[PDB]
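Computed from heavy atoms alone, side chains included, the values below leave out hydrogens, waters and symmetry copies. Chain A is the first sequence line, chain B the second, and so forth, proteins listed ahead of strands; every chain is numbered from 1.
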Amino acid sequence: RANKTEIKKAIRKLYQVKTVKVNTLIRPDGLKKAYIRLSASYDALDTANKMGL
Amino acid sequence: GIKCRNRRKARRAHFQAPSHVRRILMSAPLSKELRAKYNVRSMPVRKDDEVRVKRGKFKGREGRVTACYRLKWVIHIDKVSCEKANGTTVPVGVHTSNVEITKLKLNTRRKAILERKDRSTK
Amino acid sequence: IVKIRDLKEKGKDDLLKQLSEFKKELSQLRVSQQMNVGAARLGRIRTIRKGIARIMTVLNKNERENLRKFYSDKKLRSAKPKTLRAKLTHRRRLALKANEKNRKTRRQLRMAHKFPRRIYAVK
Amino acid sequence: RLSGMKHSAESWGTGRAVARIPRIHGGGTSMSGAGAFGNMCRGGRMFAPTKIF
Amino acid sequence: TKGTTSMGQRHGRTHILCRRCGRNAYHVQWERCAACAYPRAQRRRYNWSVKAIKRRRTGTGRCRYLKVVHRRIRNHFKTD
Amino acid sequence: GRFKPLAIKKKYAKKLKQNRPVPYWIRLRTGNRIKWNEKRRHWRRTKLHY
RNA sequence: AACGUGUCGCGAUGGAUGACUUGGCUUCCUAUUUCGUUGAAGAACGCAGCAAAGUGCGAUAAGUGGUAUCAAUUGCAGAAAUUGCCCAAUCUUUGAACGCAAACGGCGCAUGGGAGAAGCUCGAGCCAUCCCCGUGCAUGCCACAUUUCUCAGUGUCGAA
RNA sequence: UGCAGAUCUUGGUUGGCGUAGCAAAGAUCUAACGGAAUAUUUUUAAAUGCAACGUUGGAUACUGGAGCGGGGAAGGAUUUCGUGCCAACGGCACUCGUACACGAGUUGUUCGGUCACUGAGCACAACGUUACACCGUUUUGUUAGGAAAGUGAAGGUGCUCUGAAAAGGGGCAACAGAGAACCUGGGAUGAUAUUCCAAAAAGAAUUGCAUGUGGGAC
RNA sequence: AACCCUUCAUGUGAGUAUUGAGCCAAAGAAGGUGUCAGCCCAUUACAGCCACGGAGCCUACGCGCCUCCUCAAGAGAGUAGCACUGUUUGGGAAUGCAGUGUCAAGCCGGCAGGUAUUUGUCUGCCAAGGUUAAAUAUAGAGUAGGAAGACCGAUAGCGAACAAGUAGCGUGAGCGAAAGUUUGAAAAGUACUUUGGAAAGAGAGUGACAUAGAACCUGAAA
RNA sequence: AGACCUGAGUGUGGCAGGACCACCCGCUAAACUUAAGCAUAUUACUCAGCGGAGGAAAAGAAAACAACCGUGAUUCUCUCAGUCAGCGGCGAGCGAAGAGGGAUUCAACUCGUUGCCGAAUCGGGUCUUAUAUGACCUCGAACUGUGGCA
Ligand SMILES: [K+]
Ligand SMILES: [K+]
Ligand SMILES: [K+]
Ligand SMILES: [Mg+2]
Ligand SMILES: [Mg+2]
Ligand SMILES: [Mg+2]
Ligand SMILES: [Mg+2]
Ligand SMILES: [Mg+2]
Ligand SMILES: [Mg+2]
Ligand SMILES: [Mg+2]
Ligand SMILES: [Mg+2]
Ligand SMILES: [Mg+2]
Ligand SMILES: [Mg+2]
Ligand SMILES: [Mg+2]
Ligand SMILES: [Mg+2]
Ligand SMILES: [Mg+2]
Ligand SMILES: [Mg+2]
Ligand SMILES: [Mg+2]
Ligand SMILES: [Mg+2]
Ligand SMILES: [Mg+2]
Ligand SMILES: [Mg+2]
Ligand SMILES: [Mg+2]
Ligand SMILES: [Mg+2]
Ligand SMILES: [Mg+2]
Ligand SMILES: [Mg+2]
Ligand SMILES: [Mg+2]
Ligand SMILES: [Mg+2]
Ligand SMILES: [Mg+2]
Ligand SMILES: [Mg+2]
Ligand SMILES: [Mg+2]
Ligand SMILES: [Mg+2]
Ligand SMILES: [Mg+2]
Ligand SMILES: [Mg+2]
Ligand SMILES: [Mg+2]
Ligand SMILES: [Mg+2]
Ligand code: NA
Ligand code: NA
Ligand code: NA
Ligand code: NA
Ligand SMILES: [Zn+2]
């Protein structure tokens, strides 16, 4: 039920990053998936390792 | 009071008993020494008790109670087991009415239960 | 492992910080669940959710007693929210109350005083 | 008083090369087209049902 | 051609899912349900089908609130 | 085709998630009576429509 | 000869019979015994470490709180509570369904909050556009305006 | 409360019988590899392990653009992709599969819908009728014996009063009518793309709001 | 212990059964436990004991204190009646009711008294406004519980002893099954050797019995 | 300019709407069938349809029976009675009431009207531990009549 604007704000609060694009789709099973692109000033790999990947 | 004139009703209540009702149902007699010391005929069985089997294949065996499987109406005793095909040893269930209690595990709650069950005057 | 007895003394601000803290490990446990960590961590999920539920129970209770105290004043009984009032049934709410069902006229009062019931017995 | 008669059964009539007993409506159940309502039919009504008077 | 050939001429659909009862009985063109008569306030109930009545009556679902209020009545609304 | 309401999409999603076999550890429980799922569905045998 | 026929012993195919029964049917009795705009009955979607159906529950989601009892649950994990009863709570989208609509998870008005990476002021404060959330807003009828609200009539009278 | 028959009911079994057949849409061949499906013998080579399956190369031939080509609507809803796999199923066969199992995949300021139009039409409100609304009217400019406008022109005050004019309540109905600001390239996939690409954005654009500065006017 | 004889090996599950001794009974009651149990377990009682108990009901209309309170006329009007029409009743020259027309009396009143009319007596009541417990129903209802039965016993009994108003069928209103998981006291549910791609076969093992091997008691007929 | 009458807009506090429906109350309302045919009759003032409640509902306190040596609200039971009551192509068929023995029962009250009074009444606010059957105020409702006595 969330939209793109709230997703962008929530990611910033949880992980302290800045985004340039948010894309969303609804999967065939009913779950919503989001692609979030980070700014060039932030490393996606570094953030992923911080969360634990 | 499960027992009644309606056999269908009595059997339904027994086999659909909740867990706390099942604890009372699986009780065992006390030994002669315990009976003379507490004036109590029987007690419900709990873990870490010591029992002696009086009926069945393991007649005369003694051991410690390792489980009270209320879902299967049995108890598990150490050293009372069987060997599987591959060499694993597994416990064998025994009904609580075929054994007798030799040593009691005592705490504050158990001592209170024994006191309220005592049959003495004054 | 907060326990209900501990949470009684705390104030609203402390409870919110505790609630905000507890949600973090729940999120961290969920991401670890995708990384198929050992079942020892998977036991912590149930504990955290129970801890969260206890905090929300205390917060809701404290808010409700505040509103009841505020609206306990007379001449505000018409302004009290309906959710804070007694909910017996639809039928019982609209039924005649004790002070109305037993109303009597002046003539009835005098007649009852004149002819009271008696205990007599015979022989 | 309703036992064995809670069906909307009807006889197929003559000309279908079957007996004239009433049969069950519908399809797709393995009960469709089976005999009904008769004291000689499986799941039918018994002869002279017992009364309480 | 009234048999097998004409079966291939059936294209659209008369009914869709009903918003109130969930059955496939909502007439798309007339905008009303053949099973529960929605959007009429009352639903359908006929004494020539007691079997149909017993399929839809109280107790065939969850009784989410009725269970609670029945317990309160049995305990004569005990409270603190 | 391409078009469908979101409500219809969620109904098809639930049916897809339901089309699963019984877990193996269920069959080992005490007093178990279930052997296989009797509500398995195939798209070419029975139609949900919707 | 072979095919074919018959009898006895044994073996297949099939699921009758008997013994079992936490099911049905029928009659009788006792209650602090009878739902809902304070949103019911029904309908949909979700929730467990492994969980399809069924059961229980509702983002506090196989449960929170109280009380009695007193050590388990159990397929494997996992830990070192469970069960019965019940006061305190939570209670998603709908439905009489009631802001307006509807094969749309759509669109408003008023009011109160929240986040905010442009801009401004001196790393913080104020934050435009955009976005999120709570509450109120159907129709009809009754009573009141208790500081006695605002009106309409070539209806009946009536002063300057 | 006793069964041999009711074109009796429900299950099971049965000769016919390895029978009738499995004959429209022209058709396959060869070598190598794969596969448990071979080149299988004790009691020289042929006369004692037949028949059949997938991929690649080569040959032959068909569809013949009104196509066993490439995209959509209705309908279907995971049949899509990779890996494994042959019990049952594809009336012959399978090592193949739209079968079975386990995991994956659908990215939009500009595409379709909607925000936001009317049509053949529908029927909330209002009114009337009916023992009973679950009935009737409701686009020939248009509801209702019918008081359904809550908008605000010029003017005054200050940096917020008074009032001109406007008849005919509220909605829905077109994914082929009206309307609608984006195009190519890609080494960007196993599967999505006018939807993904980030500093030499591969790039080049068009449009909706808010702002701040430079400039013309109040 | 299977054509006959001889020799060598194998085979009896669990004592609620049998016998002999006792004991309890204000309790002999019918459920469970590896076979038939008063004394193995749970039960079987007040001729009882504890916790919680907001409102409600009951008790010299329970019991104190303060406040309050108390101790000549008339009688139901578009009503009753009558006519026509219709319906209903055992109600018959009209039992009740409805539509329209007409429409009272009360200084010798009105209604009823089961054959129509006019007149005179007698008897009983006093319409056209309202409230009211108990004794009665529950002929496909509910919430909690109890008592049971000369009833049925898996093609029977509810359609449903089971993930049953489920699977499945129909555009729809609707229709609607089959199916006892009844192996064994206990999974002790067949390790390991060997042939086979596998499925399985031949041995071995558990169990008193495997011709009790897994939808596994008994296992008929065609 | 101001009253009264009639009628609107808004605001504050409330109620109705749906479900269940075995039994109960009001309306509407068949045909198969029987008559060895069939039209009045019967099935039946029943099934189907519409509306409305409860733990029961409805009824209930004489404009009642009777014709006696008189009973005394309602409801239910046995009986009266398949009736030498009665209705009916007087065919098929249909069909009650008073009385008598019982269950229950401290069971009965009231408005309007007539006579004597005439806001003593209602709503709202404040006070008394109190939305008192109390007290005080109220250019609020009510004299086109709320209350009290016989
Ligand atoms: K299509
Ligand atoms: K025993
Ligand atoms: K009249
Ligand atoms: Mg998108
Ligand atoms: Mg029938
Ligand atoms: Mg039957
Ligand atoms: Mg035709
Ligand atoms: Mg056509
Ligand atoms: Mg059509
Ligand atoms: Mg349409
Ligand atoms: Mg579709
Ligand atoms: Mg709405
Ligand atoms: Mg026979
Ligand atoms: Mg042939
Ligand atoms: Mg042929
Ligand atoms: Mg050709
Ligand atoms: Mg050619
Ligand atoms: Mg084949
Ligand atoms: Mg598949
Ligand atoms: Mg039009
Ligand atoms: Mg177009
Ligand atoms: Mg577009
Ligand atoms: Mg593709
Ligand atoms: Mg009178
Ligand atoms: Mg009455
Ligand atoms: Mg059956
Ligand atoms: Mg067998
Ligand atoms: Mg209603
Ligand atoms: Mg009710
Ligand atoms: Mg008949
Ligand atoms: Mg006839
Ligand atoms: Mg005839
Ligand atoms: Mg009826
Ligand atoms: Mg009454
Ligand atoms: Mg009659
Ligand atoms: Na083509
Ligand atoms: Na439109
Ligand atoms: Na059946
Ligand atoms: Na005849
Ligand atoms: Zn519907």
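- Close to I:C61, at under 4.0 Å from its OP1 or OP2, lies a side-chain N or O of C:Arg117.
- When each of B:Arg23 and C:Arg92 is assigned the nucleotide of RNA chain G with its nearest heavy atom, C:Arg92 is the one assigned upstream, toward the 5' end.
- The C1'-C2'-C3'-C4' torsion of I:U35 is negative, so its sugar falls on the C2'-endo, or south, side.
- Pair assignment for G:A145: J:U10, on the basis of Watson-Crick or G-U wobble contacts that are both within less than 3.5 Å.
- Both distances falling under 3.5 Å, in either a Watson-Crick or a G-U wobble arrangement, occur for no nucleotide opposite H:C115.
- Nucleic acid contact for B:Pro29: sugar-phosphate only, since backbone atoms but no base atoms lie under 4.0 Å from a heavy atom of the residue.
- At a threshold of 4.0 angstrom between heavy atoms, the contacts of B:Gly93 with the nucleic acid are absent.
- Within 4.0 Å of B:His14, counting heavy atoms only, lie sugar-phosphate atoms of the nucleic acid but no base atom.
- B:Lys9 comes within 4.0 angstrom of the backbone, heavy atoms only, and of no base.
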message = As a quick check of understanding, evaluate side-chain hydrogen bond (donor to acceptor under 3.5 Å, both in side chains) for E:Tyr26 and E:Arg19, giving each step before the final call.
response = CA-CA 8 Å; E:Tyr26 189 76; E:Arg19 194 189 310 133; 5.1 Å; no
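- Within 6.0 Å of the CZ atom in D:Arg20, the count of heavy atoms belonging to other residues, nucleotides or ligands does not exceed 12.
- Nucleic acid contact class of F:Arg45 (heavy atoms, under 4.0 Å, all strands): none.
- The side chain of C:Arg107 contributes no N or O atom lying less than 4.0 Å from OP1 or OP2 of J:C111.
- Residue F:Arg41 is in sugar-phosphate contact alone, with no base atom involved, counting any heavy-atom pair closer than 4.0 Å across all strands shown.
- Closest-nucleotide positions on RNA chain G for D:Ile52 and E:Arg57 were compared, and the one nearer the 5' end corresponds to D:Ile52.
- Contact check, A:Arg37 against H:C197: a side-chain N or O comes under 4.0 Å of OP1 or OP2.
- Neighbours H:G150 and H:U151 form no stacked pair of bases, judged on six-membered rings against the 5.5 Å and 30° limits.
- For the OP1/OP2 pair of G:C57 and a distance below 4.0 Å, the side-chain nitrogens and oxygens of E:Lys67 include at least one atom meeting the criterion.
- Comparing atom distances between the B:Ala85 side chain and each of I:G189, G:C91, J:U131 picks out I:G189 as nearest.
- Taking 4.5 Å as the limit, some side-chain heavy atom of E:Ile53 sits within range of a side-chain heavy atom of E:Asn47.
- With rounding to the nearest 0.5 Å, the separation of CZ in E:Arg74 from NE2 in E:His76 is 11.0 Å.
- Nucleic acid contact for C:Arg54: sugar-phosphate only, since backbone atoms but no base atoms lie under 4.0 Å from a heavy atom of the residue.
- Between G:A51, I:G34, I:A163, one nucleotide has an atom nearer to the side chain of B:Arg55 than all others, and that is I:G34.
- Groove contact by E:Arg20 is confined to the minor groove, judged by side-chain heavy atoms under 5.0 Å from base N or O groove atoms.
- Residue E:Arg74 places none of its side-chain N or O atoms closer than 4.0 Å to OP1 or OP2 of G:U33.
- In the set H:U109, I:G168, H:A198, the nucleotide with an atom closest to the side chain of A:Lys4 is H:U109.
- At the phosphate of G:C70, OP1 or OP2 sits under 4.0 Å from a side-chain N or O atom of B:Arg116.
- More than 12 heavy-atom neighbours from other residues, nucleotides or ligands sit within 6.0 angstrom of CZ on E:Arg32.
- In this structure, C:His90 reaches the J:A16 phosphate: one of its side-chain N or O atoms is under 4.0 Å from OP1 or OP2.
- Considering only the side chain of F:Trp25, G:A51 comes nearest among H:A77, G:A51, H:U107.
- Using a 4.0 Å heavy-atom cutoff across all strands shown, B:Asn86 reaches sugar-phosphate atoms only and no base atom.
- Summary of the strand contacts: D:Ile24 and F:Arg33 both lie near RNA chain I, and taking for each the nucleotide with the nearest heavy atom, the more 5' one is attributed to D:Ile24.
- Mapping B:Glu83 and F:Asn32 onto RNA chain I via the closest heavy atom, the residue that lands nearer the 5' end is F:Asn32.
- Shown here, J:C127 forms a base pair with J:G134; the pair counts as Watson-Crick or G-U wobble because both key distances fall under 3.5 Å.
- Taking only side-chain nitrogens and oxygens, E:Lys78 never comes nearer than 4.0 Å to OP1 or OP2 of G:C86.
- Using a 4.0 Å heavy-atom criterion, one finds that B:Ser19 contacts the sugar-phosphate atoms exclusively.
- The shortest distance between the side-chain N/O atoms of F:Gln18 and the OP1/OP2 oxygens of G:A53 is below 4.0 Å.
- One interatomic measurement links the two molecules: NE2 of E:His70 to P of G:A31, which rounds to 20 Å at whole-angstrom precision.
- In this entry the distance linking CG of E:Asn47 with P of J:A30 reads 19 Å, nearest Å.
- Of the side-chain N and O atoms in D:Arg1, one or more sit less than 4.0 angstrom from OP1 or OP2 of I:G140.
- Distance check on atom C1': I:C57 versus I:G53 gives 15 Å, rounded to whole Å.
- The side chain of F:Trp43 sits closest to H:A77 out of J:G54, G:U21, H:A77.
- The side chain of E:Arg13 lies closest to H:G75, out of H:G75, J:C149, G:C70.
- Side chain F:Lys47 to base H:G76: no donor-acceptor pair is found below 3.5 Å.
- A sub-4.0 Å separation between OP1 or OP2 of I:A178 and a side-chain N or O of D:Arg42 is present.
- In this structure, of I:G32, G:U93, G:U82, it is I:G32 that holds the atom nearest to the side chain of B:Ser97.
- Contact check, E:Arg44 against I:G174: a side-chain N or O comes under 4.0 Å of OP1 or OP2.
- Pair assignment for H:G57: H:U30, on the basis of Watson-Crick or G-U wobble contacts that are both within less than 3.5 Å.
- Minimum atom distance to the side chain of E:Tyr38 is reached by G:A102, of the listed G:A102, I:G189, G:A41.
- Neither OP1 nor OP2 of G:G105 sits under 4.0 Å from any side-chain N or O of E:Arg19.
- Nucleotides H:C92 and H:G141 fail the base-pair criterion, which asks for a Watson-Crick or G-U wobble arrangement whose two donor-acceptor distances both fall under 3.5 Å.
- The base-pairing partner of J:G112, taking Watson-Crick or G-U wobble contacts with both distances under 3.5 Å, does not exist among the strands shown.
- Checking the phosphate oxygens (OP1, OP2) of J:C20, a side-chain nitrogen or oxygen of E:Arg43 falls inside 4.0 Å.
- Within the nucleic acid shown, B:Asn98 comes within 4.0 Å of sugar-phosphate atoms alone, with no base atom in reach, counting heavy atoms only.
- Of the candidate nucleotides G:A41, I:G170, H:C196, G:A41 has the atom nearest to the side chain of E:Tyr65.
- Summarising the base pairing, G:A51 is matched to no nucleotide, lacking a Watson-Crick or G-U wobble pair whose two defining distances lie under 3.5 Å.
- E:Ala52 comes within contact range of the sugar-phosphate backbone alone, with a heavy-atom separation under 4.0 Å but no base atom that close.
- The side-chain ring of E:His76 is stacked on the base of G:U32, judged by centre separation under 5.5 angstrom and plane angle under 30 degrees.
- Within 4.0 Å of F:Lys35, counting heavy atoms only, lies at least one base atom of the nucleic acid.
- When both distances must be under 3.5 Å, the Watson-Crick or G-U wobble mate of G:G136 is G:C109.
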